[PDB]
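What follows is a set of notes on a single structure, which appears directly below.
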Amino acid sequence: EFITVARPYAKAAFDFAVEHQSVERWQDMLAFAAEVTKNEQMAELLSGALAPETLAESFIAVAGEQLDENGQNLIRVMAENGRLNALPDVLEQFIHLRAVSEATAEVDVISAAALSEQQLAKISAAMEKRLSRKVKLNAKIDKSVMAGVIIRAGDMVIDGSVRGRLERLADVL
Amino acid sequence: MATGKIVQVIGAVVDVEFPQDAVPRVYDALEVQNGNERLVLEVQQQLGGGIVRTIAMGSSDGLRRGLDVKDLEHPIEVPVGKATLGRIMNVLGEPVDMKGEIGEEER
Amino acid sequence: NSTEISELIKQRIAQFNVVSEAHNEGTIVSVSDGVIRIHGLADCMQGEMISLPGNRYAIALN
C-alpha cells in the first residue's frame, strides 16, 4: 500500500499546479496516468525490472494526454524512484488536497429510506456550519438501519440511527 | 569504447550500470581510471536492470560517481607458463618485483 | 469517457506492441550465487523444473 510514499508526490504536484492555475488539467492528467497503470499489459511491464529511464519512456509513449514538460517530468521522477504504481494514490491525495484548498467536503447520508429534499436541504445547511466547507450530499439507503439517519463526514460520523440507539442501550444493561 | 557508469561507491563495493543489452556476466572483469591509475573490478552479482555489483581489486578511494567503466569481456586472466618462474606477481598477474614486463606467451 | 479511456489505452498499447510473456515462458532478471530471479512464468508450479539455455535445469522454490 502506497499511502505514505505518495504524499510527497501529491503535495509537489498540487503545489506546482497552483503556481500555474492548472489544477483541473493536472487532476485530469493524473486521472489518466492512474488508468494507464491499471491496464493488464502495463501492470506486467511495471513489475519486471526494466531500467527506470526506459520504463519511463515506454510509459510516456502510451500517454499523449500529458503536457509536454510537467506531467512527463512527474512520471520520470516517479519512475526513477520506482513508484509508478503509486499513481492511483497520488490521485486520491491530490483530490483531497484540492478539496481542502477550495474548502469543500463530501458527506455521506445513510438512511432507511430516501429523504424529503427539505430534510436534505437542512442537513446540508447544518453541515456547512459544522464544517466551513461547501458540502455535497450523496444520500444512500440501507435497511439494516431502520429509522433515523447516519451522517458520515470523512472520519466523523453522527450515529443518529435508531439501530445505533438499540445497540447502545443493550450494552448499558 | 567504455559503456558503463559508476552509480555507487560504498567502501570496497562499487555499483556500475550498463545498457540492458551489454550487461557483463558474473566474474567478468571491468576496468576504470581511478585518477591517473587503472583499477579493475570483478563482477560479483547481476542485480536488477542494467546494474551490476562489483568488488574492487584495489584501493577504492578516489572514485567518483559517473566515471566511465569498460567491460573486459573475460574473467581476470593471468600469465602462465615457463615465463612466470622466478618472478613475483599480484592477483592480477602484474609484476611487483620491479624487473619489468613478464614476457608471457599465454594468459 | 471512462470506457473509451480504457479502449484507447488498449489501442495505444497494441500500437507500441508492449506485450506480456507466454505463460510457460519467462526471462531472467538477476543472477547471484547460483540463484536466479525469473520474471514471467505465470504457470510455474512450486518445485517445477525450469529449463535454461545449455540444457540445464533450475528448481522453482520461491
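Every read-out reported here was derived from the displayed coordinates using simple, explicitly stated rules and does not represent laboratory data. Note: ideal-geometry Cβ built from the backbone for every residue, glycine included; neighbour counts use all protein chains shown.
See the values below:
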quantity: Candidates A:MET146, A:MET127, filtered to the one that is of a type outside the set (D, E, K, R), closer than 17 Å to A:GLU106 by Cα and outside any strand (DSSP E or B); calculated: A:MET127
quantity: Members of the stretch B:1-35 that are away from every other protein chain (no Cβ under 14 Å), in contact (Cβ under 8 Å) with a residue 40 or more places away in the chain and either surrounded by 15 or more Cβ atoms within 10 Å (Cβ to Cβ) or touching a strand residue (DSSP E or B) at 6+ places or on another chain (Cβ under 6 Å) (or both); calculated: B:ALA2, B:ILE6, B:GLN8, B:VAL9, B:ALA12, B:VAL14, B:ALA29, B:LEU30, B:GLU31
quantity: B:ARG87 being out of contact with any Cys (no Cβ under 7 Å at 6 or more places or on another chain), among the basic types (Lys, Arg), surrounded by 14 or more Cβ atoms within 10 Å (Cβ to Cβ) and in a loop (DSSP other than H, G, I, E, B); calculated: yes
quantity: Enumeration of residues in the stretch A:59-76 that are within 22 Å of the chain's Cα centre (by Cα) and farther than 19 Å from C:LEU8 by Cβ; calculated: A:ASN70, A:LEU74
quantity: Within the stretch B:10-61, tally of residues that are touching a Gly at 6+ places or on another chain (Cβ under 6 Å) and in a strand (DSSP E or B); calculated: 3
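Yes/no matrix, rows are residues, columns are (1) farther than 30 Å from A:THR4 by Cα; (2) out of contact with any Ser or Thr (no Cβ under 7 Å at 6 or more places or on another chain):
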residue: A:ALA79; (1), (2): no, yes
residue: A:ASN85; (1), (2): no, no
residue: A:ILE95; (1), (2): no, yes
residue: A:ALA103; (1), (2): no, no
residue: A:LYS129; (1), (2): yes, yes
residue: A:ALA153; (1), (2): no, yes
residue: A:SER161; (1), (2): yes, yes
